[PDB]
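Have a look at the structure below before the remarks.
Cβ placement follows ideal geometry from the backbone for every residue including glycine, while neighbour counts extend to all protein chains displayed. Only the coordinates and a few stated rules stand behind these numbers; no lab work does.
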RNA sequence: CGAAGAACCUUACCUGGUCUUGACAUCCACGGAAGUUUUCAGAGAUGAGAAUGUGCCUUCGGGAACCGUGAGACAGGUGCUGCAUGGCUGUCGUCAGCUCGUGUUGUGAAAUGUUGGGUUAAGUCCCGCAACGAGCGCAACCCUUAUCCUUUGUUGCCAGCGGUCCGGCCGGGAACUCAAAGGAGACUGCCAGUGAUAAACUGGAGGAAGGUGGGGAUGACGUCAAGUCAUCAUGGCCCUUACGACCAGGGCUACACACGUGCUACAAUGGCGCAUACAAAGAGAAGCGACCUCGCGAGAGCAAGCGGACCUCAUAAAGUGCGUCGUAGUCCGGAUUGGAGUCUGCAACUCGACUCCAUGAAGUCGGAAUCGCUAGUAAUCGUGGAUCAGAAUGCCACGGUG
């Protein structure tokens, strides 16, 4: 069964990008075991604000990497060949590995 | 206002396939329950068999003949007051209009049920009866009957 | 102008070029014959003193001498160098007009 | 009121989010919260730092935070002063290893925020609004850019009748999404009232 | 062999497979008369078919599932008419004349804030 | 209409009891761990007592969080001005309008531009023209819906082949529906006729889609001293052993009428029984709640699944098949009331939602007058959500038929 992964930087895109699959990639052919959230990979960073001196400055940033699994649980042909018909999203890593 | 396009092509009867009968069922239709309309008129339309005994098809048109006006009024905000200048009626509405009188007056008939309360009216149409036929002259008594302004 | 000059004319939709080319029609017409003027002239020679009314006006307001070939119904009070001649006549115009450039041609020796 | 936010309206295209990260209803609630505390504070101790924006990346329990400023050095500290302080202040405030990378603002005369925080500060300095509003902001037109619409709220100068001002150069077609504009606000609580200001810098088209 | 024809209208999904022969019609393991037959006017599905002499002509194996009667019936009509065009790409004019080749872009409507039903504005007898 | 949700609370209002550095902030003095169980007096607010309790900085002065109480600067005000204001909103109006620089014109206010001729949804465009250019607008960028392509294939799909504990259930298959990131496509681009051989119009071809594709979003200069000091902020004015603050109960659901906006009817284009087919967009750890068991039923007991294309709320209504009842106030329509019950929550008299039984009114389509609606529209039929412990015919939203 082909497994699909979606890792965006927020739900503003990871949402539609995923619902698309469940809607399109999942009609009757594909089985789809279900859309899961999975733990988010939080990576923050601390940067010295002031240019030179003032150690007590610093500023904290962070980039939440939102992910989703779902994955189709049915390797057919009529429905498993209607996903490629989706490559939009200006930022939604879709690692379609098996 | 100034818009100028065409008419709304209606879907023909569920059997005989006829626009003339199409908008007929619609004018008769109610609450978008188009289904009932069909099962209410399509029956009385054929129940004419018991009322006659043959290919009941032209009976409809013949019945509308006694309900087809050809002159109506039309008040106009002119001459300070309000005119009335009566004018005839193109075919597009002749057939339509009639259908209203045939139904909008077949409801107040107060008979067994709308299904039949309608049937009888058709027989009364060609045989002149009910407000349906009345409305004709009761309307003609204005136009062609008051050409003084026409 | 330079647009059509080189391949810089085959830019944008074929329609666009058309919308831009129209500007030339107007521009190259209403100015196409004055573009080479990098500053007010030193003398203005106008044909009919009537039609080119406004033209002469601005002139006497900038100090640019005016040599106009007025006419009977013309108002020569605006011309500092009147040339009482037929403001019309296909031949009158040509002869003198061409005759002007004549002296001007070798004017600078 | 009768104008859409010239920034949020474009948050989709030609305009990045000053805080990009993922989160679920669970922490999302307190997440955007901390971001406020940290962001609000980073200004308190870095007002005169001439800071523009303040992005906030968040991978996993480690926010980045980028303090864009026209004056980087001052936001740096004595070879560790500022940085250390802030980078440490982000302690319990987020309860996570929060970093901090400063970003140098190129041409502090084309950035809305600054051009806004500045004019307002000048006002607080007992200065004629018209002068600064016009000239002290007109600069955004000399270092480049094509169009800049400024706006000063009411109560300007000795007067009880609040009045708004215009003054704009070039072109600021805020009715074009593909236009991209640098809009930002800025207050100025003076002896009376709170004379506001809005900077609309049209940085090129698409 | 076979000739496929998508076809759809008003949130509908038609899937008709035209085979050479067998005027039998089935829609989701059901009869065109046992699923639609005796409805409002489901005579549209077999409309394009008879429109050019069917029954003893070809076969119709459909698989629709979207929208109510009217629509679900309109989708098929679109798929079928679309399908026949495959068996013969020289009959488009005919089907287009009736208006089957085209789809009913006329979809539903979206409600709107301020209003009460996308268009029906609230009354205010007193203004 | 602020109220996307008034039993307490909310609350701001009334009555009564009660508290005056005070419920909410800091500073000081001296004390006292915070904390938990607690007894009595009371409607409660509270007060009068019994314990249980000693964490640490320990430089053994002092301390920090917090508690007591004393004094005062004050704290507190949903109190007054929206003709003191900021911020925010409605409206003319998605209307096509509103201006500026320079130049020119009149002694000047001012004009011109921006008017005129065609034209467009439009100060849109094309000519003209003492004006030449420019800005805010309109258009276009944004979303969304309408076709196809690339790509990935779980919970989604099943065209083929195969195995069926017949259900895509199981191998398997990336085709197809779909999902959702990125792309192509529409521009008067092409054809013809009108128009001055211009703008544009009228048809037409090609397409899945025409002449800003459909709908959103986007609201110029300003007007109404328009609205909001009651969300918030705030000038000035006010009150302060009290227009501050706590509790209890009551009120905002009163009536002896009226006016506006709605829902459900008045019925056989219907009700009623049985049977049964089709959709979309959505919510959900003090949550949504299965199956199963009980009860006539609301619901209760037990207890899985899903923190989500996996599960649940949710197993659409119109509809279609049959049959019935036959135009009576009915087999219509349900208001009212009585009888008795459930679930929320201290608690539902006042004042809640719902279930069952019985009661079964007005109403037989509505003057004068008036409103919305130009296409998936009006019309009608259901579905979901915000607020929320639990009071929806309101609001926001979705799709069916049309």
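Report, by residue number, each residue of the stretch E:80-100 that is exposed (fewer than 13 other Cβ atoms within 10 Å of the Cβ), within 13 Å of RNA strand F (Cβ to nearest atom) and part of a loop (DSSP other than H, G, I, E, B). Once the filter is applied, which keeps residues that are exposed (fewer than 13 other Cβ atoms within 10 Å of the Cβ), within 13 Å of RNA strand F (Cβ to nearest atom) and part of a loop (DSSP other than H, G, I, E, B), the stretch E:80-100 yields E:89, E:90, E:99.
In the stretch E:51-76, the residues that are more than 15 Å from residue E:26 (Cα to Cα) and within 14 Å of chain A (Cβ to nearest Cβ) form Cβ pairs under 8 Å with partners that are part of a helix (DSSP H, G or I) and within 15 Å of RNA strand F (Cβ to nearest atom), at six or more places apart or across chains, as follows: E:66/E:72; E:66/E:75. Residues in the stretch D:145-167 that are surrounded by 14 or more Cβ atoms within 10 Å (Cβ to Cβ) and closer than 28 Å to residue D:15 by Cα: D:145, D:146, D:147, D:148, D:149, D:150, D:151, D:152, D:153, D:165, D:167. Scanning the stretch C:10-50 for residues that are in a loop (DSSP other than H, G, I, E, B), surrounded by 10 or more Cβ atoms within 10 Å (Cβ to Cβ) and under 11 Å from the mean Cα position of the chain (by Cα) returns C:31, C:32, C:35, C:45, C:46, C:47. Every test in (1) within 30 Å of residue D:66 (Cα to Cα); (2) free of Cβ contacts under 8 Å to residues at least 40 places away in the same chain is passed by residue A:17 save one, and that test is (2). Taking the stated definitions as given, is residue D:91 surrounded by fewer than 23 Cβ atoms within 10 Å (Cβ to Cβ) and farther than 16 Å from residue D:47 by Cα? It is true that residue D:91 is surrounded by fewer than 23 Cβ atoms within 10 Å (Cβ to Cβ) and farther than 16 Å from residue D:47 by Cα. Total residues in the stretch B:10-48 satisfying the condition of being in a loop (DSSP other than H, G, I, E, B), within 14 Å of chain E (Cβ to nearest Cβ) and touching a helix residue (DSSP H, G or I) at 6+ places or on another chain (Cβ under 8 Å): the figure is 7.
Got at least one residue in the stretch D:111-121 being within 16 Å of the chain's Cα centre (by Cα) and surrounded by fewer than 19 Cβ atoms within 10 Å (Cβ to Cβ)? Yes: the stretch D:111-121 contains one or more residues that are within 16 Å of the chain's Cα centre (by Cα) and surrounded by fewer than 19 Cβ atoms within 10 Å (Cβ to Cβ). Of the residues making up the stretch A:57-77, just one is at positive phi, touching a strand residue (DSSP E or B) at 6+ places or on another chain (Cβ under 8 Å) and touching a residue at least 40 places away in the same chain (Cβ under 8 Å), namely A:70. Has the stretch D:4-21 got any residue that is under 30 Å from residue D:149 (Cα atoms) and within 7 Å of chain A (Cβ to nearest Cβ)? Within the stretch D:4-21 (the criterion being under 30 Å from residue D:149 (Cα atoms) and within 7 Å of chain A (Cβ to nearest Cβ)), the answer is yes, since at least one residue qualifies. The residues listed here are A:3, A:68; of these, the one that is in contact with a helix residue (DSSP H, G or I) (Cβ under 6 Å, 6 or more places away or on another chain) and more than 7 Å from chain D (Cβ to nearest Cβ) is A:68.
The residues listed here are C:18, C:12, C:24, C:44; of these, the one that is closer than 30 Å to residue C:103 by Cα and without any contact (Cβ under 8 Å) to a residue 60 or more places away in the chain is C:44. Counting only strands (runs of 3 or more DSSP E) wholly contained in chain A, the ones carrying 2 or more residues that are under 30 Å from residue D:51 (Cβ atoms) and more than 6 Å from RNA strand F (Cβ to nearest atom) occupy A:41-47, A:59-68.
The set of residues in the stretch E:13-47 that are within 14 Å of chain B (Cβ to nearest Cβ) and either assigned to a loop (DSSP other than H, G, I, E, B) or buried (at least 20 other Cβ atoms within 10 Å of the Cβ) (or both) comprises E:36, E:37, E:38, E:39, E:40, E:41, E:42, E:43, E:44, E:45, E:46. Among the numbered conditions (1) more than 7 Å from every other protein chain (Cβ to nearest Cβ); (2) in a loop (DSSP other than H, G, I, E, B), the only one that residue D:103 does not meet is (2). Here A:92, A:73 are screened, and the one residue that is away from chain D (no Cβ under 14 Å) and more than 16 Å from residue D:59 (Cβ to Cβ) is A:73.
Checking the structure you have, find out if any residue of the stretch E:106-122 is in contact (Cβ under 8 Å) with a residue 40 or more places away in the chain, within 13 Å of RNA strand F (Cβ to nearest atom) and touching a helix residue (DSSP H, G or I) at 6+ places or on another chain (Cβ under 6 Å). Looking for residues that are in contact (Cβ under 8 Å) with a residue 40 or more places away in the chain, within 13 Å of RNA strand F (Cβ to nearest atom) and touching a helix residue (DSSP H, G or I) at 6+ places or on another chain (Cβ under 6 Å), one finds none in the stretch E:106-122, hence no. The condition of being near RNA strand F (Cβ under 8 Å from one of its atoms) and over 19 Å from the mean Cα position of the chain (by Cα) holds for only one of D:125, D:130, D:142, D:178, that being D:178. When residue E:73 is tested against (1) more than 12 Å from RNA strand F (Cβ to nearest atom); (2) buried (at least 20 other Cβ atoms within 10 Å of the Cβ), exactly one condition is not met: (1).
As for the stretch E:28-49, it holds no residue that is touching a residue at least 60 places away in the same chain (Cβ under 8 Å), more than 8 Å from RNA strand F (Cβ to nearest atom) and either within 26 Å of residue B:38 (Cα to Cα) or within 12 Å of the chain's Cα centre (by Cα) (or both).
Within the stretch D:125-132, does at least one residue satisfy the condition of being within 30 Å of residue A:62 (Cβ to Cβ), in contact (Cβ under 8 Å) with a residue 60 or more places away in the chain and touching a strand residue (DSSP E or B) at 6+ places or on another chain (Cβ under 6 Å)? No; the residues of the stretch D:125-132 include none that is within 30 Å of residue A:62 (Cβ to Cβ), in contact (Cβ under 8 Å) with a residue 60 or more places away in the chain and touching a strand residue (DSSP E or B) at 6+ places or on another chain (Cβ under 6 Å).
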